[PDB]
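Data block below; observations after.
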Amino acid sequence: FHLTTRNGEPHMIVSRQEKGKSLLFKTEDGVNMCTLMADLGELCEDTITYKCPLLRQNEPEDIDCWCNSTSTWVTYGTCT
Amino acid sequence: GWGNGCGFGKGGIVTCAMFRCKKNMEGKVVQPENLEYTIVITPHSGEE
């Protein structure tokens, strides 16, 4: 995935071949591990973009993306 | 979803089964023509 930013915050452009794998990227505050559980398809015009909240010792609820060290934005296409 | 191999939501599924008829019935159309009448013509002789 391509690591960029959105208003100072880290942003992940996730491609199709990353479905099912732990997303890791270094940050001043250590290594960040986001988990993507998404309709994740091929990167195209039909993108969706939203935030993966920070979750410390809390079970996830009503979400398919979350990181454990620093909240991150994520973007991926839905095409197939 | 994650529990069955997907990266959650509705997915497309399709199922097929070979269909083998074991007993059938058939309806036919009877044309007035092609009807065949059998008539017996017997000589009134009284012979035995």
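In the structure tokens, chains take letters A, B, ... by order of appearance, with residues numbered from 1 within each chain and ligands from 1 in the order shown.
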
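Residues with any atom within 6 Å of segment 62-65 of chain A, counting only C-alpha atoms and excluding same-chain neighbours fewer than 2 positions away, are residues 35, 36, 37, 38 and 52 of chain A.
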
Would you save the residues from that selection as a CSV table (one decimal), in the first residue's frame, using C-alpha atoms?
chain,number,residue,atom,x,y,z
A,35,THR,CA,-6.1,-4.4,10.6
A,36,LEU,CA,-8.2,-4.4,7.5
A,37,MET,CA,-11.3,-6.6,7.5
A,38,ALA,CA,-13.3,-4.9,4.7
A,52,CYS,CA,-9.5,3.2,11.2

Please list as a tab-separated table (two decimals) with C-alpha atoms, in the first residue's frame every residue within 7 Å of segment 7-12 of chain B, counting only C-alpha atoms and excluding residues in the same chain fewer than 6 positions away.
chain	number	residue	atom	x	y	z
A	19	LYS	CA	-6.60	-8.19	1.30
A	20	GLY	CA	-6.13	-10.42	4.32
A	37	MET	CA	-11.31	-6.62	7.49
A	38	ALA	CA	-13.29	-4.92	4.71
A	39	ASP	CA	-15.83	-5.32	-0.11
A	40	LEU	CA	-12.12	-4.54	-0.59
B	1	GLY	CA	-16.99	-12.39	5.74

Enter the distance from atom CA of residue 69 of chain A to atom CA of residue 16 of chain A, in Å, rounded to one decimal.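 Rounded to one decimal, the two atoms are 24.0 Å apart.
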
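Going from atom CA of residue 80 of chain A over to atom CA of residue 47 of chain A, you cover 12.1 Å.
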
Please provide the set of residues having any atom within 12 Å of residue 4 of chain A, restricted to only C-alpha atoms, with same-chain residues fewer than 3 positions apart removed, written as a list in words. residues 1, 7, 8, 9, 10, 11, 12, 13, 14, 25, 72, 73, 74 and 75 of chain A

Ranking A:18, A:2, A:66, A:27 by minimum distance to chain B and counting only C-alpha atoms, which one comes first?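 Of the candidates, the smallest distance to chain B is held by A:18.
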
Go ahead and compute the interatomic distance for atom CA of residue 26 of chain A and atom CA of residue 6 of chain B, in Å to one decimal. 27.1 Å

Measuring atom to atom with only C-alpha atoms, identify which of A:53, A:77, A:41, A:60 is nearest to chain B.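 Using only C-alpha atoms, the shortest distance to chain B belongs to A:41.
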